[PDB]
Amino acid sequence: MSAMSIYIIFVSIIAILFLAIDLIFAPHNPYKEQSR
Amino acid sequence: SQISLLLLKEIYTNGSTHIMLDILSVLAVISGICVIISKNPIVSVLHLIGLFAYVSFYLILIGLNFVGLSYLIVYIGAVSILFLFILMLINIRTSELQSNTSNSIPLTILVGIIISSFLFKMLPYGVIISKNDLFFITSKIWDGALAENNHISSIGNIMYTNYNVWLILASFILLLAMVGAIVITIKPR
Amino acid sequence: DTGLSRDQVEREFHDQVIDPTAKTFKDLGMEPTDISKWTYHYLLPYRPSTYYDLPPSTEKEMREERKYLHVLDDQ
Amino acid sequence: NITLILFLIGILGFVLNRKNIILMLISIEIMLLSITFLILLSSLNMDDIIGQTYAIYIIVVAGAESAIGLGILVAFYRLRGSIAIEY
Amino acid sequence: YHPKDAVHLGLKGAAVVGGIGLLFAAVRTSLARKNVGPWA
Amino acid sequence: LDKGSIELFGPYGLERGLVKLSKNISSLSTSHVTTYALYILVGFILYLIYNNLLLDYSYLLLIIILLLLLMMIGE
Ligand SMILES: CCCCCCCCCCCCO[C@@H]1O[C@H](CO)[C@@H](O[C@H]2O[C@H](CO)[C@@H](O)[C@H](O)[C@H]2O)[C@H](O)[C@H]1O
Ligand SMILES: CCCCCCCCCCCCO[C@@H]1O[C@H](CO)[C@@H](O[C@H]2O[C@H](CO)[C@@H](O)[C@H](O)[C@H]2O)[C@H](O)[C@H]1O
Ligand SMILES: CCCCCCCCCCCCO[C@@H]1O[C@H](CO)[C@@H](O[C@H]2O[C@H](CO)[C@@H](O)[C@H](O)[C@H]2O)[C@H](O)[C@H]1O
């Protein structure tokens, strides 16, 4: 394949992975809790 | 004796899949559908920024880099930003912009058939070119490849000389959009 | 705790049966409260309410907007 | 064929709009992106640079209508306080 | 001269003229000010 | 006749009909940009239908004359 294609996918993988560590490893509390 | 015509794949100087065009068409359509159905005008402008990107890539993918990059610089870069400014400062109650869309389904059905059935006949053969399937064929040239120019150099060779009247009118349209929009918004002094 | 497990699903099929030989709130001088009087309190933090979700305006207040300038043309 | 569909989307934005003067602003630009896009794809077919240039000048007039359009919409909002259409 | 099938041609006008008026009713429903629905 | 059918089938009939006709047509003009845009597209479709189906010119007049009568009728 071309190089420009493999480059965006690679960055896309890295950008997903940092989500994975956050969503896997960081704690997750369920509680997510007018003028002109 | 053996078949004279021989078809084989290209190992290194290949090209792109035509599959990507069918993908970028689908998302452009999908993105465009969400523009005119979204309740919030902020969201519709976002679906517009998406549509401009898919069309930009479609053009880059078929060789039109300068204009495809121009669309990126101009629409997503600057027009949709001005749209975002205004839309994030005007007070918008998102229920006063909501109309009964279900009524207009029959008129959507009617006008979709009539426009599609007529305008499609007007398009030329090359645009609707896409079971024996026709393949397009290309070959090299040498006299015409002596000093090849990128599309922007070819546009430049004629944009400022032969068709320079078009530059004059455009300079005046932009100049009018400067004076006129400043004069109808600001309080002088 | 995923909120569903093998034994927890079986808990779904039973209904609470009140022991008639067991003492209750009243024996402790207390009144239970129902959950309907409390839902607004304990769910108010979970209420996404911005200027967007507000109702369409009335003609009387649309007139009030004509006494204000909604743009600052000198800033 | 994509050019015609995207033209319909801009048309249908006018079919389904009783309250959004902003979507009327938007759909005009979707219609312009169809016509510019059709000119461009036919220019690639005929090996002509004038189709590319005509696209460029459509893009420049398109941005200028956005400035005039959002400028006039600002002038209206200053005295109105609402972009809504009573219906 | 060449005789013409009246019933056939008569229906054509009904669909041609009636077809246009169906588009007019589509305008009426789209501009309805209440939630009247598509089948209206 | 003189003060009757001659005036009902004439100046007084035409006066009464036309004023009602024009009140109805001007009841279309609502200064709603959203409604004006639909009217332009409607008027665009009819032009395309007319000058692409090669419809009989008489077919058009029936529509035009039939429309005028519906504006004569109120409610
Ligand atoms: C995009 C790639 C595919 C997805 C990859 C990432 C997957 C993420 C999901 C798996 C990890 C979940 O991460 C975990 O979620 C649960 C539930 O919200 C949280 O759990 C927390 O809230 C729940 C609510 O029911 C409590 O019962 C639990 O006792 C508490 O610890 C954890 O604190 C969090 O660490
Ligand atoms: C072959 C058919 C005949 C061919 C064309 C004939 C057309 C002649 C019809 C004209 C109708 C009368 O035209 C209209 O009459 C009324 C009175 O009735 C006038 O109305 C006027 O007179 C009334 C009398 O009370 C007053 O209120 C006031 O002076 C004024 O309003 C209008 O100013 C005029 O517009
Ligand atoms: C010697 C003959 C002289 C002829 C002069 C020229 C005649 C002109 C031709 C058209 C005249 C107008 O013709 C007239 O149309 C109007 C509507 O516009 C009708 O006016 C009325 O119609 C019906 C009654 O029939 C009413 O319920 C309705 O409210 C009203 O509009 C008259 O009934 C009709 O007679």
# chains A, B, ... in the order shown; residues from 1 in each chain; ligands from 1

call {"tool": "interface_residues", "arguments": {"of": "chain E", "to": "chain B", "cutoff": "7 Å", "atoms": "only C-alpha atoms", "output": "PyMOL selection string"}}
result
chain E and resi 23+26-27+29-30+35-38

call {"tool": "residues_around", "arguments": {"residues": "segment 24-39 of chain B", "least_positions_apart": "2", "cutoff": "10 Å", "atoms": "only C-alpha atoms", "output": "PyMOL selection string"}}
result
(chain B and resi 19-22+41-58+61+94-95+97-99+101) or (chain D and resi 1-3+5-17+20+23-24+26-27+30)

call {"tool": "atom_distance", "arguments": {"atom1": "atom CA of residue 155 of chain B", "atom2": "atom CA of residue 55 of chain D"}}
result
11.3 Å

call {"tool": "residues_around", "arguments": {"residues": "residue 178 of chain B", "least_positions_apart": "4", "cutoff": "9 Å", "atoms": "only C-alpha atoms", "output": "JSON, numbers by chain"}}
result
{"B": [173, 174, 182, 183], "D": [64, 67, 68]}

call {"tool": "write_last_selection", "arguments": {"atoms": "N, CA, C and O atoms", "output": "mmCIF file, in the first residue's frame"}}
result
data_model
loop_
_atom_site.group_PDB
_atom_site.id
_atom_site.type_symbol
_atom_site.label_atom_id
_atom_site.label_comp_id
_atom_site.auth_asym_id
_atom_site.auth_seq_id
_atom_site.Cartn_x
_atom_site.Cartn_y
_atom_site.Cartn_z
ATOM 1 N N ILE B 173 -15.757 41.539 -6.113
ATOM 2 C CA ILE B 173 -16.775 40.882 -5.298
ATOM 3 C C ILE B 173 -16.294 40.755 -3.864
ATOM 4 O O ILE B 173 -17.043 41.014 -2.920
ATOM 5 N N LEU B 174 -15.037 40.351 -3.680
ATOM 6 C CA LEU B 174 -14.459 40.273 -2.344
ATOM 7 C C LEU B 174 -14.371 41.647 -1.697
ATOM 8 O O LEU B 174 -14.588 41.792 -0.492
ATOM 9 N N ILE B 182 -18.897 45.210 6.682
ATOM 10 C CA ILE B 182 -18.445 46.104 7.738
ATOM 11 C C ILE B 182 -19.456 47.223 7.960
ATOM 12 O O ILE B 182 -19.760 47.576 9.102
ATOM 13 N N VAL B 183 -20.025 47.777 6.885
ATOM 14 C CA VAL B 183 -20.894 48.939 7.030
ATOM 15 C C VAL B 183 -22.259 48.580 7.607
ATOM 16 O O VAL B 183 -22.941 49.450 8.147
ATOM 17 N N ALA D 64 -17.898 34.624 -0.059
ATOM 18 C CA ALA D 64 -18.399 36.015 0.005
ATOM 19 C C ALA D 64 -19.896 36.011 0.299
ATOM 20 O O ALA D 64 -20.347 36.886 1.037
ATOM 21 N N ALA D 67 -20.206 35.631 4.047
ATOM 22 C CA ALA D 67 -19.914 36.876 4.787
ATOM 23 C C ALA D 67 -21.102 37.820 4.722
ATOM 24 O O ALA D 67 -21.489 38.350 5.773
ATOM 25 N N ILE D 68 -21.651 38.010 3.529
ATOM 26 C CA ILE D 68 -22.809 38.930 3.352
ATOM 27 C C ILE D 68 -24.012 38.326 4.081
ATOM 28 O O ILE D 68 -24.726 39.077 4.730
#

call {"tool": "select_by_dssp", "arguments": {"residues": "chain D", "states": "alpha helix (DSSP H)", "output": "compact mmCIF listing (two decimals) with N, CA and C atoms, in the first residue's frame"}}
result
# COMPACT_ATOMS: atom_id res chain seq x y z
N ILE D 2 -23.11 11.03 -7.45
CA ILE D 2 -22.99 11.65 -6.13
C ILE D 2 -23.29 13.14 -6.21
N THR D 3 -22.96 13.78 -7.32
CA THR D 3 -23.20 15.22 -7.44
C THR D 3 -24.68 15.52 -7.42
N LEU D 4 -25.48 14.70 -8.10
CA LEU D 4 -26.92 14.94 -8.13
C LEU D 4 -27.57 14.66 -6.79
N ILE D 5 -27.17 13.58 -6.12
CA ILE D 5 -27.70 13.28 -4.80
C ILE D 5 -27.43 14.43 -3.84
N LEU D 6 -26.22 14.95 -3.85
CA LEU D 6 -25.87 16.00 -2.91
C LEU D 6 -26.61 17.28 -3.25
N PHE D 7 -27.00 17.43 -4.52
CA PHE D 7 -27.88 18.53 -4.92
C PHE D 7 -29.27 18.36 -4.33
N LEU D 8 -29.77 17.13 -4.32
CA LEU D 8 -31.07 16.85 -3.73
C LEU D 8 -31.08 17.20 -2.26
N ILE D 9 -30.01 16.85 -1.55
CA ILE D 9 -29.91 17.14 -0.12
C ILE D 9 -30.10 18.62 0.13
N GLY D 10 -29.47 19.47 -0.68
CA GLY D 10 -29.67 20.90 -0.54
C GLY D 10 -31.10 21.32 -0.85
N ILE D 11 -31.68 20.77 -1.92
CA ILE D 11 -33.10 20.97 -2.21
C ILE D 11 -33.96 20.51 -1.04
N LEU D 12 -33.72 19.29 -0.55
CA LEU D 12 -34.58 18.76 0.50
C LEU D 12 -34.43 19.55 1.80
N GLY D 13 -33.30 20.23 1.99
CA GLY D 13 -33.19 21.16 3.09
C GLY D 13 -34.18 22.31 2.98
N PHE D 14 -34.62 22.62 1.77
CA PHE D 14 -35.62 23.65 1.58
C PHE D 14 -37.02 23.07 1.69
N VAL D 15 -37.14 21.76 1.54
CA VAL D 15 -38.43 21.10 1.59
C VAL D 15 -38.86 20.89 3.04
N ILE D 21 -33.95 29.45 9.54
CA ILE D 21 -33.31 30.27 8.53
C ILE D 21 -31.82 29.98 8.46
N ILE D 22 -31.28 29.24 9.43
CA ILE D 22 -29.88 28.83 9.38
C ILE D 22 -29.69 27.65 8.44
N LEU D 23 -30.56 26.64 8.52
CA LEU D 23 -30.53 25.60 7.50
C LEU D 23 -30.81 26.12 6.09
N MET D 24 -31.56 27.20 5.92
CA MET D 24 -31.61 27.78 4.58
C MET D 24 -30.26 28.35 4.17
N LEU D 25 -29.53 28.94 5.11
CA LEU D 25 -28.15 29.32 4.85
C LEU D 25 -27.29 28.12 4.52
N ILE D 26 -27.49 27.01 5.22
CA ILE D 26 -26.64 25.84 5.03
C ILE D 26 -26.90 25.19 3.68
N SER D 27 -28.17 24.93 3.36
CA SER D 27 -28.52 24.16 2.13
C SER D 27 -28.08 24.87 0.84
N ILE D 28 -28.03 26.20 0.83
CA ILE D 28 -27.52 26.96 -0.34
C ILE D 28 -26.07 26.55 -0.57
N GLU D 29 -25.33 26.31 0.50
CA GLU D 29 -23.89 25.98 0.38
C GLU D 29 -23.75 24.50 0.02
N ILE D 30 -24.66 23.65 0.47
CA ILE D 30 -24.62 22.27 0.00
C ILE D 30 -24.88 22.22 -1.50
N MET D 31 -25.80 23.05 -2.00
CA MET D 31 -26.14 23.12 -3.44
C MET D 31 -24.92 23.63 -4.23
N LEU D 32 -24.21 24.62 -3.70
CA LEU D 32 -22.98 25.15 -4.35
C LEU D 32 -21.91 24.07 -4.38
N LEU D 33 -21.84 23.20 -3.37
CA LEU D 33 -20.79 22.15 -3.31
C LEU D 33 -21.19 21.06 -4.28
N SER D 34 -22.46 20.95 -4.61
CA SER D 34 -22.78 19.98 -5.65
C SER D 34 -22.31 20.48 -7.00
N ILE D 35 -22.64 21.72 -7.33
CA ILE D 35 -22.39 22.25 -8.66
C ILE D 35 -20.90 22.40 -8.90
N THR D 36 -20.16 22.87 -7.89
CA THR D 36 -18.71 22.92 -8.03
C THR D 36 -18.13 21.52 -8.19
N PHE D 37 -18.65 20.56 -7.44
CA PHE D 37 -18.16 19.20 -7.51
C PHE D 37 -18.45 18.56 -8.86
N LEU D 38 -19.61 18.85 -9.44
CA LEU D 38 -19.91 18.34 -10.77
C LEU D 38 -18.99 18.95 -11.83
N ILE D 39 -18.76 20.26 -11.76
CA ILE D 39 -17.85 20.90 -12.71
C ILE D 39 -16.47 20.27 -12.64
N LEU D 40 -15.99 20.00 -11.43
CA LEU D 40 -14.65 19.45 -11.24
C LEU D 40 -14.51 18.05 -11.82
N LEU D 41 -15.49 17.18 -11.59
CA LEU D 41 -15.39 15.81 -12.07
C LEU D 41 -15.49 15.73 -13.58
N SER D 42 -16.19 16.67 -14.19
CA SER D 42 -16.25 16.70 -15.67
C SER D 42 -14.97 17.30 -16.24
N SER D 43 -14.33 18.20 -15.51
CA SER D 43 -13.03 18.77 -15.94
C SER D 43 -11.95 17.69 -15.99
N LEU D 44 -11.92 16.78 -15.02
CA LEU D 44 -10.96 15.65 -15.01
C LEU D 44 -11.23 14.79 -16.24
N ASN D 45 -12.50 14.59 -16.58
CA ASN D 45 -12.89 13.79 -17.77
C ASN D 45 -12.44 14.41 -19.08
N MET D 46 -12.35 15.74 -19.19
CA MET D 46 -12.09 16.38 -20.51
C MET D 46 -10.67 16.94 -20.57
N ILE D 50 -9.92 24.84 -17.20
CA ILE D 50 -10.89 25.96 -17.04
C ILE D 50 -11.99 25.49 -16.09
N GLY D 51 -12.30 24.19 -16.10
CA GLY D 51 -13.26 23.70 -15.13
C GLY D 51 -12.75 23.82 -13.71
N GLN D 52 -11.45 23.60 -13.52
CA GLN D 52 -10.83 23.77 -12.22
C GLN D 52 -10.89 25.22 -11.76
N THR D 53 -10.62 26.14 -12.67
CA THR D 53 -10.61 27.56 -12.34
C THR D 53 -12.01 28.06 -12.02
N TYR D 54 -12.98 27.63 -12.80
CA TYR D 54 -14.37 27.98 -12.57
C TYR D 54 -14.84 27.48 -11.20
N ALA D 55 -14.35 26.32 -10.78
CA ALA D 55 -14.59 25.88 -9.41
C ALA D 55 -14.00 26.84 -8.40
N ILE D 56 -12.78 27.32 -8.65
CA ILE D 56 -12.11 28.22 -7.72
C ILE D 56 -12.93 29.48 -7.52
N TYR D 57 -13.40 30.07 -8.61
CA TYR D 57 -14.18 31.29 -8.51
C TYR D 57 -15.56 31.05 -7.92
N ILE D 58 -16.09 29.82 -8.03
CA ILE D 58 -17.34 29.51 -7.33
C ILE D 58 -17.09 29.45 -5.84
N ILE D 59 -15.98 28.85 -5.43
CA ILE D 59 -15.60 28.80 -4.03
C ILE D 59 -15.39 30.20 -3.48
N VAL D 60 -14.94 31.15 -4.30
CA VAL D 60 -14.58 32.47 -3.71
C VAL D 60 -15.89 33.26 -3.57
N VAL D 61 -16.78 33.18 -4.55
CA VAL D 61 -18.12 33.81 -4.47
C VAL D 61 -18.94 33.13 -3.36
N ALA D 62 -18.78 31.83 -3.18
CA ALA D 62 -19.52 31.12 -2.11
C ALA D 62 -19.14 31.65 -0.73
N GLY D 63 -17.85 31.85 -0.47
CA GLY D 63 -17.41 32.41 0.82
C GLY D 63 -17.94 33.82 1.00
N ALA D 64 -17.90 34.62 -0.06
CA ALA D 64 -18.40 36.02 0.00
C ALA D 64 -19.90 36.01 0.30
N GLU D 65 -20.67 35.07 -0.24
CA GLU D 65 -22.11 35.09 0.15
C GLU D 65 -22.25 34.74 1.62
N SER D 66 -21.41 33.84 2.13
CA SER D 66 -21.45 33.56 3.58
C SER D 66 -21.18 34.81 4.43
N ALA D 67 -20.21 35.63 4.05
CA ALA D 67 -19.91 36.88 4.79
C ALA D 67 -21.10 37.82 4.72
N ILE D 68 -21.65 38.01 3.53
CA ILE D 68 -22.81 38.93 3.35
C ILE D 68 -24.01 38.33 4.08
N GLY D 69 -24.20 37.01 3.97
CA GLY D 69 -25.33 36.31 4.60
C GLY D 69 -25.30 36.28 6.11
N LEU D 70 -24.11 36.07 6.68
CA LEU D 70 -23.98 36.05 8.15
C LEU D 70 -23.92 37.50 8.64
N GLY D 71 -23.42 38.42 7.82
CA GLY D 71 -23.47 39.81 8.23
C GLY D 71 -24.88 40.35 8.31
N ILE D 72 -25.71 40.04 7.31
CA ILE D 72 -27.10 40.50 7.32
C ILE D 72 -27.87 39.80 8.42
N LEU D 73 -27.59 38.53 8.66
CA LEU D 73 -28.24 37.82 9.75
C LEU D 73 -27.86 38.39 11.11
N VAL D 74 -26.66 38.97 11.23
CA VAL D 74 -26.29 39.64 12.46
C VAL D 74 -27.09 40.92 12.63
N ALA D 75 -27.20 41.70 11.56
CA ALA D 75 -27.96 42.97 11.59
C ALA D 75 -29.41 42.70 12.00
N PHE D 76 -30.00 41.62 11.48
CA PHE D 76 -31.39 41.23 11.82
C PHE D 76 -31.48 40.84 13.30
N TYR D 77 -30.59 39.97 13.77
CA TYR D 77 -30.61 39.48 15.18
C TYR D 77 -30.47 40.62 16.18
N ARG D 78 -29.68 41.66 15.88
CA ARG D 78 -29.43 42.77 16.83
C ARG D 78 -30.77 43.43 17.21
N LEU D 79 -31.67 43.60 16.24
CA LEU D 79 -32.98 44.24 16.52
C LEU D 79 -34.07 43.21 16.84
N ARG D 80 -33.80 41.90 16.54
CA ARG D 80 -34.88 40.90 16.73
C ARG D 80 -34.65 40.15 18.04

call {"tool": "interface_residues", "arguments": {"of": "chain C", "to": "chain A", "cutoff": "8 Å", "atoms": "only C-alpha atoms", "output": "PyMOL selection string"}}
result
chain C and resi 45-46+50-51

call {"tool": "write_last_selection", "arguments": {"atoms": "C-alpha atoms", "output": "mmCIF file, in the first residue's frame"}}
result
data_model
loop_
_atom_site.group_PDB
_atom_site.id
_atom_site.type_symbol
_atom_site.label_atom_id
_atom_site.label_comp_id
_atom_site.auth_asym_id
_atom_site.auth_seq_id
_atom_site.Cartn_x
_atom_site.Cartn_y
_atom_site.Cartn_z
ATOM 1 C CA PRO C 45 -28.139 16.286 40.026
ATOM 2 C CA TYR C 46 -28.830 14.087 36.983
ATOM 3 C CA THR C 50 -29.317 24.043 29.285
ATOM 4 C CA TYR C 51 -30.775 26.996 27.414
#

call {"tool": "decode", "arguments": {"residues": "segment 81-172 of chain B", "atoms": "C-alpha atoms", "output": "tab-separated table (two decimals), in the first residue's frame"}}
result
chain	number	residue	atom	x	y	z
B	81	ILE	CA	-15.58	28.79	11.60
B	82	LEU	CA	-17.56	31.95	10.92
B	83	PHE	CA	-20.69	29.79	11.07
B	84	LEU	CA	-19.57	28.39	14.41
B	85	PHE	CA	-18.91	31.86	15.87
B	86	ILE	CA	-22.37	33.14	14.99
B	87	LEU	CA	-24.12	29.95	16.01
B	88	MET	CA	-22.39	29.83	19.41
B	89	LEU	CA	-23.33	33.43	20.25
B	90	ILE	CA	-26.84	33.84	18.91
B	91	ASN	CA	-29.33	32.61	21.46
B	92	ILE	CA	-30.98	29.52	19.98
B	93	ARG	CA	-33.92	27.80	21.61
B	94	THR	CA	-33.69	24.47	19.84
B	95	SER	CA	-37.44	23.83	19.96
B	96	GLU	CA	-38.46	27.00	18.13
B	97	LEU	CA	-36.48	25.80	15.10
B	98	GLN	CA	-38.19	22.41	15.10
B	99	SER	CA	-41.02	21.96	12.62
B	100	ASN	CA	-43.31	19.01	12.00
B	101	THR	CA	-41.06	17.15	9.58
B	102	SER	CA	-43.41	14.19	9.19
B	103	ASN	CA	-45.82	16.26	7.12
B	104	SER	CA	-43.27	16.93	4.41
B	105	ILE	CA	-42.47	13.29	3.71
B	106	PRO	CA	-44.97	13.11	0.80
B	107	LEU	CA	-43.55	16.27	-0.73
B	108	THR	CA	-40.07	14.85	-0.18
B	109	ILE	CA	-41.22	11.74	-2.05
B	110	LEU	CA	-42.70	13.75	-4.91
B	111	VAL	CA	-39.90	16.26	-5.48
B	112	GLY	CA	-37.23	13.58	-5.14
B	113	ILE	CA	-38.61	11.59	-8.05
B	114	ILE	CA	-39.22	14.52	-10.40
B	115	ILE	CA	-35.85	16.24	-9.98
B	116	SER	CA	-33.90	12.98	-10.06
B	117	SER	CA	-35.67	11.69	-13.17
B	118	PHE	CA	-35.03	14.89	-15.15
B	119	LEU	CA	-31.60	16.16	-14.13
B	120	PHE	CA	-29.91	12.73	-14.44
B	121	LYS	CA	-30.58	12.69	-18.24
B	122	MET	CA	-28.71	16.03	-18.48
B	123	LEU	CA	-25.44	14.76	-17.05
B	124	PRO	CA	-22.77	13.69	-19.65
B	125	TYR	CA	-21.62	10.06	-20.35
B	126	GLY	CA	-18.21	10.42	-18.62
B	127	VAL	CA	-19.79	11.30	-15.22
B	128	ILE	CA	-22.22	8.32	-15.25
B	129	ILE	CA	-19.62	5.93	-16.69
B	130	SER	CA	-19.71	4.02	-13.38
B	131	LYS	CA	-21.40	-8.73	-16.97
B	132	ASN	CA	-18.83	-7.14	-19.28
B	133	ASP	CA	-17.52	-3.93	-17.74
B	134	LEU	CA	-15.66	-1.31	-19.72
B	135	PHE	CA	-12.15	-0.61	-18.52
B	136	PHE	CA	-10.47	2.76	-19.12
B	137	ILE	CA	-6.98	2.42	-20.69
B	138	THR	CA	-3.97	4.78	-20.40
B	139	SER	CA	-0.49	4.89	-22.07
B	140	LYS	CA	2.61	7.16	-21.77
B	141	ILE	CA	3.55	10.21	-23.96
B	142	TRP	CA	7.01	11.85	-24.24
B	143	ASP	CA	6.58	15.13	-26.19
B	144	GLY	CA	3.74	16.10	-23.78
B	145	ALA	CA	5.73	15.06	-20.66
B	146	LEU	CA	8.81	17.33	-21.25
B	147	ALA	CA	8.02	19.87	-18.49
B	148	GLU	CA	4.76	18.72	-16.82
B	149	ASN	CA	3.12	21.23	-14.46
B	150	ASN	CA	1.12	20.57	-11.29
B	151	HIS	CA	-2.55	21.66	-11.58
B	152	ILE	CA	-1.83	24.89	-9.59
B	153	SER	CA	0.99	25.95	-11.99
B	154	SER	CA	-1.32	25.20	-14.95
B	155	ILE	CA	-4.11	27.33	-13.28
B	156	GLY	CA	-1.47	30.03	-12.62
B	157	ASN	CA	-0.15	30.05	-16.24
B	158	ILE	CA	-3.62	31.30	-17.33
B	159	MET	CA	-5.28	32.72	-14.16
B	160	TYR	CA	-3.36	36.03	-14.30
B	161	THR	CA	-3.02	36.54	-18.10
B	162	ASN	CA	-5.58	35.01	-20.55
B	163	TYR	CA	-8.61	34.95	-18.18
B	164	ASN	CA	-7.49	37.92	-15.98
B	165	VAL	CA	-10.93	39.64	-16.33
B	166	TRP	CA	-12.28	36.86	-14.04
B	167	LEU	CA	-9.67	37.96	-11.47
B	168	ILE	CA	-10.84	41.57	-11.74
B	169	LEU	CA	-14.50	40.75	-11.07
B	170	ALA	CA	-13.58	38.47	-8.18
B	171	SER	CA	-11.35	41.14	-6.66
B	172	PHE	CA	-14.34	43.44	-6.76
